[PDB]
Each structure stands twice: as C-alpha cells, then as structure tokens.
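Here is the structure we will look at.
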Amino acid sequence: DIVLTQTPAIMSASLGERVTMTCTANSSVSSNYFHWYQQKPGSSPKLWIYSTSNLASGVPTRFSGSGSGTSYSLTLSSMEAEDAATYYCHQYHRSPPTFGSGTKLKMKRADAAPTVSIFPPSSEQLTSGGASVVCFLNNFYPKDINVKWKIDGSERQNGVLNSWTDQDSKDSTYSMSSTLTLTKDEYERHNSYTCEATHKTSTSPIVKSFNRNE
Amino acid sequence: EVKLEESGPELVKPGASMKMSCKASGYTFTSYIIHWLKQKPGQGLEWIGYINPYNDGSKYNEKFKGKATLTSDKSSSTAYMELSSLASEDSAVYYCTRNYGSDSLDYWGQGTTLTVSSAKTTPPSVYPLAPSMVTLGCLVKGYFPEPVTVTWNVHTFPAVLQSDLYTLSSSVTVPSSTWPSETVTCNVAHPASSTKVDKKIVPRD
Ligand SMILES: *[C@@H]1O[C@H](CO)[C@@H](O)[C@H](O)[C@H]1NC(C)=O
C-alpha cells in the first residue's frame, strides 16, 4: 500500500490562473500505471489523466500531466469554474493499488455579502411541541462567516445546526442554513428572535429579526 | 455506451451483512475486471478488491479479505460485493469501476451509500418556512437515514445529523406577485421509509 502524498491539500484559484498540484510517492512507480481522477461533490470520480500524461476522453486540453519515479503533477493552464473539484492521484505499480488524499481546488471570486432571511416556527411544528427558527444566508463569498442567534437580545449557542452548500456551479458563492431548535415552551416565553451574520463584506452585521407580535 | 449501475442506498444494523450490486452494460462483461472501492465522506478512495468475471477470480486488499466477498453473475452481467459483520466504520460510499488501459479506472458506477447504525428508520416531518423577490423554504426534520430529495412545485442544504435524526432545509426565491396568491409547495421524498410529503407554504396567522 504505497503512500501517495498530494500537495496542496486545499487551494483556491481565480479564473485564468495557472494551477499545478503534486503527488509524491513513498516508493518508485511506473509512469504507465500512474493516473489522475477528478471528483465533484455528490458524484463519482471520473478518469482525468491516464498513464501520467494522456487526457481521458472529454478532458479539455488546458489539463496536462507529468512526472516519473516518485514525483508526479497535474497542471491546469487556465482555471475555469467547471474545474473546481477534488483531484486524486492513483498508482497501480503494486497491489493494493492506492490513491492520494486529494487536492481540493476551489474557485476564488469577488467578495459578496449574504442575503439573509429569517423564518419562525410553523404552527404545524408547534402543534407537536417543537420550535425551530431558521435563517438562510445565501450567495456569499468568502466561505468564512459567523452566524449568531439572539433571543430578546441575548445570545443563544445551544441547539443550532448549521449547514453550508458546496460552491455553486454558476456563481461560485456559498450559501448557509442555520436552524435554532428550542422547545415550544422555551420559544413561547420570549418575543424576538434575531439572526446575525458577520462577514468581511460589512463592518456591521447583517441582521434579520421577527417578533411573536406580528 | 459503457455504464455501471449500482444498487440503491442501504441502512444496515451493526453485526449484519449486506450485498450490493453493479450491473454493467455496453461492453463484453467477461473481458474486463471490475474494482470495488470505499470512500468515507471527506476522504480519498480505499481499494477493497477486484473481480475478474472471466474466471470468477477475485483479489483482495489484505485488510478486507475477511469482510468483503466479490462475486459476479455472467448471465446478468452483474458484479456483487458482500460486506459482513458490519460496524459504524463501514459507513461510506462504495464504488464499482471498470479496469481499462494500464489499470486506469475508466467508467464508474454512481456509488452506493451504506449506513451502518442501530438507529430507527424514520420518515421526515416537513414544515413550511413562511415570512420584490421573496424567499420561502421548508424545514425537513427528524428523519433517518439519508437521503431525502427536495423538489419545489433554489438552495438545498446538506443534512446535519443530531441524536440519530437528520435535519435538512431548502430555500426558494420567487417574486412577490407569485406568493401568497399562488400555491407554493415543497415536495420531499424519503425513499428509505417509502414516504413523500407535499407541504403547502401557508402564510402565518
Ligand atoms: C512516507 O513518506 C513520508 C514523507 O517523507 C514519511 O514521513 C512517512 O512516514 C512514509 N510512510 C511510510 C508508510 O513509510
């Protein structure tokens, strides 16, 4: 089980940037049996480069591959958004064949502020004794973002589930969902619920609230 | 055209076994080896073994030679992987893929997600998220296992597991003149419980 070490583990690139990523082996591997794969989230790997430098069918010519012995690389001459993916190296010089832990290539793009929306518990949910407040933070960049929940102006940290989308295929932004779940009893004992997003695009937080009076 | 069609996602209890399938089409089944690989979320690929359907010979990673059994049926051009004595750590996406020139892996199945857990299969509770462009959504709560599909009539967020139940949400952005004059409905399917929900987005009060 020949160890393959890919670097960088994570990297970003703007449209047009040249990208090179490396795969280093702990033992020598024949170039004929060294291959690369591309994988996007939720889908299967596809063969990308085979036998070090041959492009798989449908792979655009801006890709190339190179190497021998213990050092291999994949090169992207000009980054496009469809190229954001994880790339994996593969050796079949020895059984068991092994693969790298991947270089995750992301798209860099202009900063963008999140569009924030807040939603109270549905009466359906309340009927069953639960109360979830939901906040969506849509189409922002960069990924780094701090959502805070406040109840009558006091921070709540417990009972919050946050989920991020992967970079959008078209605009390369992220979106995020934040769900604060309380008991119906706890929820009905306060008036205002506030979702606050801090993001580098504003010195002030983007804030949405509702009150149980409207 | 070559295609490898894998069987659906399965939830299995720890201690049990399961067998998944990989139906091949578009080439001579016996002329190519099929490999099987495991990929846990966030991680790279780990090779399990391969099947040669010509002579029924399979070859294993030493790590899996106990747990995994690779078979094939020539008549239906289907390869199968059985995993036994399952535990949490077997939860992963499993791929079959065809061996091509110089043992490159040229065609891949779509993956079979295996979940190993003691948790109860549970259908979702679906809740409407109601307040020029207006954002609506729906909260899909209290279900197990993955996956759920959400369809409207869009951002759909990956599910988050807590206390063996998943929470997922989906947001939709329409113009003001559409809602609430029109019906807006999020359609949730949870194939593991064979359930669906047609939830109308109703205004409050
Ligand atoms: C592989 O090489 C790295 C880097 O030189 C080393 O630290 C690591 O322990 C090696 N792994 C094995 C299994 O020999």
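All residue names refer to the structure tokens as shown: chains lettered A, B, ... in order, residues numbered from 1 in each chain, ligands numbered from 1 in order.
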**Request:** Would you give me, as a list in words, the residues of chain A that come within 6 Å of chain B, using only C-alpha atoms?
**Result:** residues 33, 44, 47, 96, 101, 119 and 165 of chain A
**Item:** Cut-off 9 Å, only C-alpha atoms and all ligand atoms, neighbours of ligand 1 as a VMD selection string
**Value:** chain A and resid 1 to 5 24 to 27
**Item:** Spatial neighbours of residue 161 in chain A, max dist 7 Å, only C-alpha atoms, sep filter under 3 positions, as a ChimeraX atom specification
**Value:** /A:178-180 /B:160
**Item:** 8 Å contact set for range 14-26 of chain B, only C-alpha atoms, chain neighbours under 2 positions out, as a VMD selection string
**Value:** chain B and resid 1 to 7 12 28 to 29 76 to 88 96 109 112 116 to 118
**Message:** I'd like the neighbourhood of residue 93 in chain A as JSON, numbers by chain, where a residue qualifies if any of its atoms comes within 9 Å (using only C-alpha atoms), though same-chain residues fewer than 6 positions away should be ignored.
**Reply:** {"A": [2, 28, 29, 30, 31, 32, 33, 34]}
Go ahead and save the residues from that selection, with N, CA, C and O atoms, as a PDB file, in the first residue's frame.
```
ATOM      1  N   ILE A   2       1.362   1.593  -1.200  1.00  0.00           N
ATOM      2  CA  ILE A   2       2.336   2.652  -1.395  1.00  0.00           C
ATOM      3  C   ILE A   2       1.662   3.981  -1.011  1.00  0.00           C
ATOM      4  O   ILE A   2       0.604   4.308  -1.526  1.00  0.00           O
ATOM      5  N   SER A  28       9.110   4.217  -5.807  1.00  0.00           N
ATOM      6  CA  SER A  28       9.004   4.481  -7.244  1.00  0.00           C
ATOM      7  C   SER A  28       7.813   3.762  -7.847  1.00  0.00           C
ATOM      8  O   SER A  28       7.453   2.660  -7.414  1.00  0.00           O
ATOM      9  N   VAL A  29       7.181   4.423  -8.812  1.00  0.00           N
ATOM     10  CA  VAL A  29       6.023   3.879  -9.521  1.00  0.00           C
ATOM     11  C   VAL A  29       6.191   4.139 -11.011  1.00  0.00           C
ATOM     12  O   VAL A  29       6.553   5.238 -11.430  1.00  0.00           O
ATOM     13  N   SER A  30       5.988   3.095 -11.808  1.00  0.00           N
ATOM     14  CA  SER A  30       5.972   3.233 -13.256  1.00  0.00           C
ATOM     15  C   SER A  30       4.939   4.289 -13.723  1.00  0.00           C
ATOM     16  O   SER A  30       3.771   4.300 -13.288  1.00  0.00           O
ATOM     17  N   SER A  31       5.392   5.163 -14.624  1.00  0.00           N
ATOM     18  CA  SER A  31       4.555   6.214 -15.193  1.00  0.00           C
ATOM     19  C   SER A  31       3.370   5.680 -15.975  1.00  0.00           C
ATOM     20  O   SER A  31       2.338   6.354 -16.048  1.00  0.00           O
ATOM     21  N   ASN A  32       3.510   4.498 -16.573  1.00  0.00           N
ATOM     22  CA  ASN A  32       2.371   3.856 -17.255  1.00  0.00           C
ATOM     23  C   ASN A  32       1.181   3.534 -16.352  1.00  0.00           C
ATOM     24  O   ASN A  32       0.051   3.549 -16.816  1.00  0.00           O
ATOM     25  N   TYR A  33       1.450   3.284 -15.074  1.00  0.00           N
ATOM     26  CA  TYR A  33       0.437   2.893 -14.087  1.00  0.00           C
ATOM     27  C   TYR A  33       0.207   4.003 -13.039  1.00  0.00           C
ATOM     28  O   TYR A  33      -0.061   3.721 -11.882  1.00  0.00           O
ATOM     29  N   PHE A  34       0.335   5.262 -13.471  1.00  0.00           N
ATOM     30  CA  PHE A  34       0.015   6.431 -12.652  1.00  0.00           C
ATOM     31  C   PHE A  34      -1.097   7.233 -13.346  1.00  0.00           C
ATOM     32  O   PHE A  34      -0.984   7.606 -14.506  1.00  0.00           O
TER      33      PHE A  34
END
```
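Residue nearest residue 156 in chain A, chosen from A:125, A:60, A:94, A:196 and counting only C-alpha atoms: A:196.
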**Request:** Output as a PyMOL selection string all residues of chain B that backbone DSSP marks as strand (DSSP E or B).
**Result:** chain B and resi 3-6+10-12+18-25+34-39+46-52+57-60+68-73+78-83+92-99+105-108+112-116+122+125-129+133-144+149-152+155-156+160-162+165-175+185-190+195-200
**Message:** With only C-alpha atoms as the counted atoms, please give the residues lying no more than 7 Å from residue 198 in chain A, apart from itself and same-chain residues fewer than 4 positions off, as an MDAnalysis selection string.
**Reply:** chainID A and resid 145:147 205:206
**Request:** Do a neighbour search on residue 20 in chain A at 8 Å with only C-alpha atoms, toss out local chain neighbours closer than 2 positions, and write the hits as a VMD selection string.
**Result:** chain A and resid 18 22 73 to 76
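Closest approach to residue 109 in chain A from the set A:124, A:80, A:152, A:185 is made by A:80, with distances taken over only C-alpha atoms.
The shortest atom-to-atom distance to residue 173 in chain B, with only C-alpha atoms taken into account, belongs to A:139 out of A:57, A:6, A:104, A:139.
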**Item:** Which of chain A DSSP labels helix (DSSP H, G or I), written as a PyMOL selection string
**Value:** chain A and resi 31-33+81-83+123-127+184-187
Would you mind exporting the chosen residues as a short mmCIF file (atom, residue, chain, number, x, y, z; two decimals), in the first residue's frame, restricted to C-alpha atoms?
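Generated file (again11.cif):
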```
data_model
loop_
_atom_site.label_atom_id
_atom_site.label_comp_id
_atom_site.auth_asym_id
_atom_site.auth_seq_id
_atom_site.Cartn_x
_atom_site.Cartn_y
_atom_site.Cartn_z
CA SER A 31 4.55 6.21 -15.19
CA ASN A 32 2.37 3.86 -17.26
CA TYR A 33 0.44 2.89 -14.09
CA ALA A 81 -15.21 27.48 -12.75
CA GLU A 82 -16.09 23.98 -14.02
CA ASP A 83 -12.55 22.92 -12.90
CA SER A 123 -47.81 26.18 13.66
CA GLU A 124 -47.60 22.58 12.42
CA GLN A 125 -44.29 22.13 14.21
CA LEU A 126 -45.58 23.95 17.28
CA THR A 127 -48.57 21.56 17.39
CA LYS A 184 -42.32 25.13 22.24
CA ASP A 185 -42.31 26.03 25.92
CA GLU A 186 -38.95 27.88 25.70
CA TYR A 187 -39.91 29.57 22.38
#
```
**Message:** Please report the interatomic distance between CA of residue 70 in chain B and CA of residue 32 in chain B in Å with one decimal.
**Reply:** 14.6 Å
**Item:** Interatomic distance (Å, one decimal) between CA of residue 46 in chain A and CA of residue 58 in chain A
**Value:** 10.5 Å
